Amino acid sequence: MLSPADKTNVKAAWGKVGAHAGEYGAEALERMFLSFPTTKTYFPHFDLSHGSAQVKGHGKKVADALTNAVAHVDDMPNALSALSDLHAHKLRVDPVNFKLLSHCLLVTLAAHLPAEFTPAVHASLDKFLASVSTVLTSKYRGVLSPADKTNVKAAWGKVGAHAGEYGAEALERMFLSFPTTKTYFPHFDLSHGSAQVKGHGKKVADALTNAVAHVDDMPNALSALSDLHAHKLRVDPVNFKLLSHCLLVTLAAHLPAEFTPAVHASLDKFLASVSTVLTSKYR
């Protein structure tokens, strides 16, 4: 994700933060608890009142972790490894919450760095925080294991020649369940039975068949598709989770025997991987 320009921007901005990192971290936390109260569910053992030693203390730990991340921006996975382990295995904070704290850190930096917070730096810090979030969340379920890859191949195998018909059904399910996704297809006839949907469904299905075949080399297998969605179609990233959900529902509706809990978990991880890949070039 991060380019060198991005790294220079982050380094610059965070440098300016300097001795205030701890104070900014506490403010970001306070801003999060107030703007997004559901985040307090993770801190029922804290005194969350303004200025508590607990919030100040925690704020300093969070900022020291981001400082560590900035200092090892080219090697984030390793620098933050103990932290990703703690969050994935002990704390188990739902991943949606990281975007919330990232937004609040961004608002905090904006309020304190009037000279430094230009549009380019804003974009870099946003990408930086999204990368830190991704690293802290990577071990929740992890990358695809051999059992996962085996489960996906077995389930996709049973799909076989029905792949295109299932892709079309998945799109239909998506359009009906998540109406906003229709905004990307104003040129299509979306009625049930539509040949355009059927044809497109076949294309999505073939891309996935291709991804299953290249499960260990997905970024290259999907490279042209990533370019296409990122720069030409420019589909907002949130929509990929909606089509993934609909594909899972289609698979469940058609694989009574193979959609076991373990296979369900492997397929969900697989679809989230395809989604990450399809959106990696957006920024």
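Numbers for residues come from their place in the sequence shown, where the first is 1.
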| query | finding |
| --- | --- |
| Selected stretch [higher average CA B-factor]: 73-81 or 150-158 | 73-81 |
| 219-227 or 238-246, whichever carries the higher mean Cα B-factor | 219-227 |
| Maximum C-alpha temperature factor, selected from 58, 214, 254, 31 | 214 |
| Identity of residue with top Cα B-factor, from 144, 115, 109, 96 | 144 |
| Position of residue 126 among the chain's modelled residues by C-alpha B-factor, lowest, middle or highest third | lowest |
| Assigned third (lowest, middle, highest) for the C-alpha B factor of residue 169 | lowest |
| Among modelled residues of the same chain, the CA temperature factor third for residue 259 | middle |
| Lowest, middle or highest third - CA B-factor, residue 41 | lowest |
| CA B-factor placement of residue 198, once the chain's modelled residues are sorted into thirds | middle |
